[PDB]
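# Descriptive analysis of the structure
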Protein chains: 2
Amino acid sequence: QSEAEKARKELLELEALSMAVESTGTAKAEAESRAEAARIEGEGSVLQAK
Amino acid sequence: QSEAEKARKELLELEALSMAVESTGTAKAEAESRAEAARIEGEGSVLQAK
């Protein structure tokens, strides 16, 4: 069981890296989509105001 | 399982890229459609005012 835990430590490190990658990817994708939509809406608003 | 997680990290990176592409594409498409509609409506409004 000690040897199994020795391997499980590295396995958990890899799992943590994968989880961080997935979470940051999802968050950045949603944030960038919303930001692009807001920028387009703002430019349209400027033109409509003119 | 450690090797499987090693591969899964790259798989999740690719999935994050694909998700970001899809989200930004949908958002920008909807925003640009609404902006074009607003611009056409504004030009029509100017002509109607004249």
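Here's a quick rundown of the structure.

Basis of the calculations
- For each chain, numbering restarts from 1 and follows the sequence as written, which can differ from how the entry numbers it; residues lacking coordinates are not listed.
- Chains and ligands are labelled by the order in which they are written, letters from A for the one and numbers from 1 for the other.
- Values throughout apply to the visible chains only, these chains being members of a larger assembly.
- Excluding hydrogens and water, the side-chain values take into account all heavy atoms of the structure.
- Strands are runs of DSSP state E lasting at least two residues, helices are runs of H or I lasting at least four, and both sets are numbered from the N terminus onward.
- We compute the radius of gyration over the C-alpha atoms and compare it with the globule rule, which gives 2.2 Å times the number of residues raised to the power 0.38.
- For the exposure calls, accessible area comes from a 1.4 Å probe over protein chains only, and a residue counts as buried if that area is under 20% of its type's maximum, exposed if over 50%, partly exposed in between.
- Here, Shrake-Rupley sampling with a 1.4 Å probe gives the accessible areas, and only protein chains in the shown set may cover a residue.
- Here the positive residues are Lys and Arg and the negative ones are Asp and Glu; neither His nor the chain ends is included.
- In plain terms, the charge of a residue is placed at NZ if it is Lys, CZ if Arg, CG if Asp and CD if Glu.
- Contacts between residues were defined by any pair of non-hydrogen atoms, one from each residue, lying within 4.5 Å.
- As used here, buried area is the combined drop in accessible area, with a 1.4 Å probe, of two parts when they are placed together.
- Within this document, salt bridges are pairs made up of a side-chain nitrogen of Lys or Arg and a carboxyl oxygen of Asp or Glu, the two lying within 4 Å of each other.
- We call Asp, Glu, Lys and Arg charged. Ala, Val, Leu, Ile, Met, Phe, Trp, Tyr, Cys and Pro are nonpolar, and the rest, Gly among them, are polar.
- Helices are assigned an expected span. That span is 1.5 Å times one less than the residue count.

### Some thoughts on the overall build of chain A
- Of the regular secondary structure elements, chain A holds one helix and zero strands.
- Taken against the 2.2 N^0.38 rule, which gives 10 Å for 50 residues, the C-alpha radius of gyration of chain A at 22 Å runs more than 25% over that of a compact globule.
- Sorting the 50 residues of chain A into buried and exposed places 20% on the buried side.
- Surface summary for chain A: the accessible area is close to 3,800 Å², and the carbon and sulfur share equals 57%.
- For chain A, the centre of its 7 positive side-chain charges and the centre of its 11 negative side-chain charges are spaced 4 Å apart.

### A word on the interface of chain B and chain A
- Each partner contributes residues to the interface: chain B has 21 residues there, and chain A has 17 residues.
- Interface area for chain B against chain A, summed over the two sides, is near 1,600 Å², with a carbon-plus-sulfur share of 77%.
- Between the two partners, chain B and chain A, sit one salt bridge.
- Split into classes, the residues belonging to the side of chain B that touches chain A amount to eight nonpolar, four polar and nine charged.

### Observations regarding helix α1 (residues 2-49) of chain B
- For α1 of chain B, spanning 48 residues, the distance from its first C-alpha to its last is 70 Å, which sits close to the expected 70 Å at 1.5 Å a residue.
- Among all positions of α1 of chain B, only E5, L12, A16, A20, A27, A31 and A38 of chain B are buried.
- Tucked into the core, α1 of chain B has its buried residues touching α1 (2-49) of chain A.

### Points about the environment of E5 of chain A
Residue and element names in this part refer to chain A.
- When you line up the elements, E5 lands in helix α1.
- Residue class for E5 comes out partly exposed when judged on its relative accessible area of 47%.
- Spatially, the C-alpha atom of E5 lies 52 Å from that of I40, the residues being 35 residues apart in sequence.

### Some words on α1 of chain A
- Along α1 of chain A, the residues that are buried comprise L11, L14, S18, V21, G25, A29, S33, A37, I40 and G44 of chain A.
- Contact partners of the buried residues in α1 of chain A: α1 of chain B.

### What about the environment of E5 of chain B?
- Given the relative accessible area of 12%, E5 of chain B is considered buried.
- Excluding its chain neighbours within four sequence positions, the residues that come into contact with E5 of chain B are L11, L14, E15 and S18 of chain A.

### Re the pattern of salt bridges
Residue and element names in this part refer to chain A.
- Counted by the stated rule, this structure contains 15 salt bridges over all chains.
- Salt-bridge contacts for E10 lead to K9; the nearest nitrogen and oxygen are separated by 3.8 Å.
- The partly exposed category is assigned to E10, whose relative accessible area is 41%.
- Taken together, the salt bridges that share partners define one network made up of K9, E10 and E13.

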